[PDB]
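Following: one structure in structure tokens, then a few remarks.
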DNA sequence: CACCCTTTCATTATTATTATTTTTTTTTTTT
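Protein chains in written order, with the deposited numbering: chain C, 1 to 223, 239 to 343; chain B, 2 to 220; chain L, 4 to 208, 224 to 264, 274 to 287, 292 to 625.
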């Protein structure tokens, strides 16, 4: 079954990309050598196929959140909001390797390849949390297919499909936000501001001569330490953008869909970014469609009461021995 | 019937290490169909050979399915995907204090273990996937109707099928021979791009225990 | 045809597949996008869909333009299933005439046949009228077409059945009595304007059922524009000023209206320096005039002006300015650029629907912009493969030569283009239609071809409508001369250039032996909804709408199978250039050869 | 032997990076 979550990000979206990306102070991405450049960590973008323009397919950039970030965000909000209060109201104590299997997609319960009988495969895929992702040494296929957060954008019209043409963006969706770090010893005003420093004026002066000597030595080398004074750039996806999120479940139970629904009920407090200091990735949910039928309201989720009762009786009955038996 | 199948993609897919065989796709689809039609507690070894394809027998044993590998026509340049894995250390610390986590170690390790940060890069291709096989078109359509993803059943969003199409074609056009074959295959079936190696020719192509001495084509 | 639909045997064999999945996916409750060409007989297939839905017990509503109405009820008379369940029609106030005003005009203009027709009940005189009166089993008196047949030159806007006509004139309780036609029959025909007006009547809280179980729309490409026609309320100033003489605040509204080539396009309230106090004075000076003693036809003008002003006042609507083709009269519009709410309020009121048109789909099986214009829900959308038969592209010959000058509204382009029209008209063995998108370039072509061609030419202008030009085209094709037609506007979409003098033998059809497209129709759709949709989509929506307009332009050549020796000409030099934006325009020209 | 610390070893080497160029029509038959 399918759940499509249409959200708008209250704050910008930043999911950092690999590679060495350089921007000038004006904005030119990846300059030829021989000119001053700048460190830049762009948001994650894939080259996707485009039937826009002509009937032939052209490769266009599309700035997304990766699906792994979506999967881990959904996982972590189910653990932080419903799973952990249930397991600490009972007194359950997880183990590393079972906590690592539940909270991450890792096999450190036993690094060995654990054999999995088909009956135990069935009894762990029907678990309200465990069967969604799986993981661990069993390496069994989880039931939850979490897609990338795709912005409603004309470069993604092949990914988005028909029906999103209304309320659709176009053009550039990335803004290169420039950030910086200043050496705060240079910000020190007088004796009242410096009295908390051990050494005070002497220590502040010593750091100023150390930074000065390091900077002049680096500039003389230009014609290996590093100071605090930084100024860098990062591309973010623009705030207020609308995004679709596809969550397709491969033969789910009622309790698993109820767990995903209670994740969507409480995911307003979650963030989706590499900008947690800057409150990046705050979003509100505008629509949640189950099997094509919208279910989201302003006061949380209204509908799917069978899923809510199923997940209530699922999270009530868990005693974390199933997590330990899932790990080893 | 000697037909030929294209799949076009609404999402970019993982470029396969070695060959994406069509019979592997149909076997996984039949496993999913058997999971729908029986339940969850079944053996995937039982039903992933129940395919509407022909079965070619080499002259002295070593039988394979009559289904060539997926040839790739790149609509897009072959880009790369990065993914990372790490357990959130901050929630681990708060769970260690709250008693929900029982961790004797007072320090993580990003180079190894449960809190290992791992980075890994896989090729990404957006392509038309064309295979050639002998079999019944209706059963291939019934299998491929459930085929929402191909190349990776990643559960993370890759390889989403925009559509599929099966058409019958003549005998001399179809290169079925472009497939992992046994070394005792017929002299008309061995081509120049085939070479002798260790490869699976049947069923689970990831299972290295079933890998045999095979003559196979290069993607 | 085992287990066939009702009326299937009269449908052609090529349209049988579209009909079967259209009935199947309307049986599932989805809104069906069914596409076929012009001469494939979509009326018979629509009749089969309406009958097969009508035998299920469904209240079936067929929405179509009034020209398509007669052949649609012609396909709905002889099959026994709609004979059992009944067929009726829903018609509005503009389908009728005022009897007192038409009699007073007939006495004044000394029309004996019209006056003798009105005296006696206004009994039907055209075969269509009495035959529809037999099919509905409700007598259709006072028809505008029946009065028009006796006098072609009557003021149809002046003699029209208004809402302010008295209750004792016969046409008004005729229309009131008919308004309940949907109760007594299982299939109800309506216009797109009827369906949109009744949808507005649903949304503001009679003539159509509250829930339509099965809706078939004929020529669905027009239907959204009909909604765009319905939700514009326009204030006409010069008829108001002539009516009041028979206030100074509306003259000050004109003076402040003057200060605001784009005059305030897509601006609901962006600039209102004196627009809203002037509108309030207009409303108060128009609504407080005494109803006693003021004329029965004047109150219609006063009421439509006050309704348009009250639509203007809310601020939920856009404002647009236009002037009449006759003179620079004051025309003002309060229209709606967003139309998701009302049409969505129609789609929850529709169980299943089949939208049939001649240009419904964009490229192959893409119709995404189509469900964007009509705001069709994606869950209820159903995209069927289209029918594009070979005989639509078989007799037509595409010529390699063209006009080397690019169309840039220049006189040198007009001279080179007109020399190519002279070449085509010299090689024409019949009629020729040369299609333009503007008045200025067609007056340039008229000034370049006037002394060259003489009596062979027909021009369209502000004083020359499409119907007059079309009638002259039949007239001088009847005389044996070979006409050329500098056509624009409605000459692109929706004219029947297949002759009715030879029904049975289409191989001798030479009424239109040459279609020449002088320029690519870019920038044709200027409506509020298309401007808003373009602002979202971008260049692509402009290109695809130009593709649909050009497909409707090329559809004028073949209207029925069996024709021969058809010539198609494209003189736009951008088509044969290396530009990529004319890429779809080439692939449709890739469907013709040599 | 399950839970961790902290030691240890390894040989070559270079660096490129997709982004756009409308026309201005007057239709239609609603309240």
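We put the beta carbon where it would ideally sit given N, CA and C, even for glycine.
Residue span of the alpha helix (DSSP H) that contains residue i, given as start and end
| i | result |
| --- | --- |
| residue 30 of chain L | 19-30 |
| residue 55 of chain L | 45-57 |
| residue 80 of chain B | Where residue 80 of chain B is concerned, there is no enclosing alpha helix (DSSP H), although the beta strand (DSSP E) it sits in stretches over 80-86. |
| residue 401 of chain L | 399-404 |
| residue 194 of chain B | Unbroken run through residue 194 of chain B: none, as it is neither H nor E. |
| residue 28 of chain B | 23-38 |
| residue 505 of chain L | 497-509 |
| residue 571 of chain L | 570-585 |
| residue 195 of chain L | 195-207 |
| residue 352 of chain L | Residue 352 of chain L -> not in any alpha helix (DSSP H); beta strand (DSSP E) instead, spanning 349-353. |
| residue 120 of chain L | 115-121 |
Bounding residues of the beta strand (DSSP E) (the contiguous stretch that carries residue i)
| i | result |
| --- | --- |
| residue 7 of chain B | 4-10 |
| residue 428 of chain L | 427-429 |
| residue 137 of chain L | Premise fails: residue 137 of chain L lies in the alpha helix (DSSP H), 130-139, not in any beta strand (DSSP E). |
| residue 335 of chain L | Element bounds for residue 335 of chain L: not the beta strand (DSSP E) but the alpha helix (DSSP H), 329-344. |
| residue 231 of chain L | 230-236 |
| residue 48 of chain C | 45-50 |
| residue 122 of chain B | 119-126 |
| residue 545 of chain L | 545-548 |
| residue 57 of chain B | 55-59 |
Straight-line gap, residue i to residue j (C-alpha atoms, nearest Å)
| i | j | result |
| --- | --- | --- |
| residue 371 of chain L | residue 66 of chain L | 20 Å |
| residue 247 of chain C | residue 39 of chain C | 6 Å |
| residue 167 of chain C | residue 573 of chain L | 18 Å |
| residue 293 of chain L | residue 558 of chain L | 13 Å |
| residue 61 of chain C | residue 606 of chain L | 29 Å |
| residue 181 of chain L | residue 175 of chain L | 10 Å |
| residue 270 of chain C | residue 326 of chain C | 4 Å |
| residue 88 of chain L | residue 42 of chain L | 29 Å |
| residue 389 of chain L | residue 242 of chain L | 15 Å |
| residue 624 of chain L | residue 429 of chain L | 6 Å |
| residue 107 of chain B | residue 105 of chain C | 21 Å |
| residue 80 of chain L | residue 135 of chain L | 10 Å |
Contacts around residue i, its chain only, beta-carbon distance under 7 Å, and the 5 residues preceding and following it disregarded
| i | result |
| --- | --- |
| residue 240 of chain L | 68, 195 |
| residue 319 of chain C | 276, 305, 310 |
| residue 391 of chain L | 36, 38, 238, 239, 398, 401 |
| residue 150 of chain L | 100, 105, 117, 157 |
| residue 31 of chain C | 22, 24, 37 |
| residue 126 of chain C | 268 |
Interface partners of residue i on chain C, CB under 7 Å
| i | result |
| --- | --- |
| residue 403 of chain L | 165, 166 |
| residue 13 of chain B | 46, 48 |
Within chain L, the residues that residue i reaches when beta carbons sit closer than 9 Å
| i | result |
| --- | --- |
| residue 55 of chain C | 394, 395, 614, 615, 618 |
Proximal chain L residues relative to residue i, where beta-carbon distance stays under 7 Å
| i | result |
| --- | --- |
| residue 6 of chain C | What residue 6 of chain C touches in chain L: nothing, since even the nearest Cβ is about 13 Å away. |
| residue 302 of chain C | Within chain L, no residue comes near residue 302 of chain C; the closest Cβ sits about 13 Å away, beyond 7 Å. |
| residue 52 of chain C | 571 |
| residue 170 of chain C | 569 |
Proximal chain L residues relative to residue i, where beta-carbon distance stays under 8 Å
| i | result |
| --- | --- |
| residue 272 of chain C | Ordered by position in chain L, no residue passes the 8 Å Cβ test against residue 272 of chain C, which lies about 19 Å from the chain. |
| residue 156 of chain C | None at all; the shortest Cβ gap to chain L is about 13 Å. |
Contacting residues, own chain, Cβ-Cβ under 8 Å from residue i (five flanking each side not counted)
| i | result |
| --- | --- |
| residue 581 of chain L | 548, 551, 552, 616, 619 |
Presumed contact (8 Å Cβ cut-off) between residue i and residue j, rounded CB distance
| i | j | result |
| --- | --- | --- |
| residue 251 of chain C | residue 299 of chain C | Not really, about 18 Å apart at Cβ, beyond 8 Å. |
| residue 584 of chain L | residue 523 of chain L | 5 Å |
| residue 109 of chain C | residue 137 of chain C | 6 Å |
Beta-carbon neighbours of residue i, restricted to chain B and to distances below 7 Å
| i | result |
| --- | --- |
| residue 100 of chain C | 88, 115 |
6 Å Cβ shell around residue i - same chain, five flanking residues per side excluded
| i | result |
| --- | --- |
| residue 322 of chain C | 269, 272, 273, 276 |
Chain C contact residues for residue i, given Cβ-Cβ distances below 8 Å
| i | result |
| --- | --- |
| residue 371 of chain L | 166 |
| residue 78 of chain B | 47, 59 |
Near the ligand SAM: residue i beta-carbon under 7 Å from a heavy atom
| i | result |
| --- | --- |
| residue 34 of chain L | By its list of ligands, the structure shown contains no ligand whatsoever, and the ligand SAM lies outside what it can speak to. |
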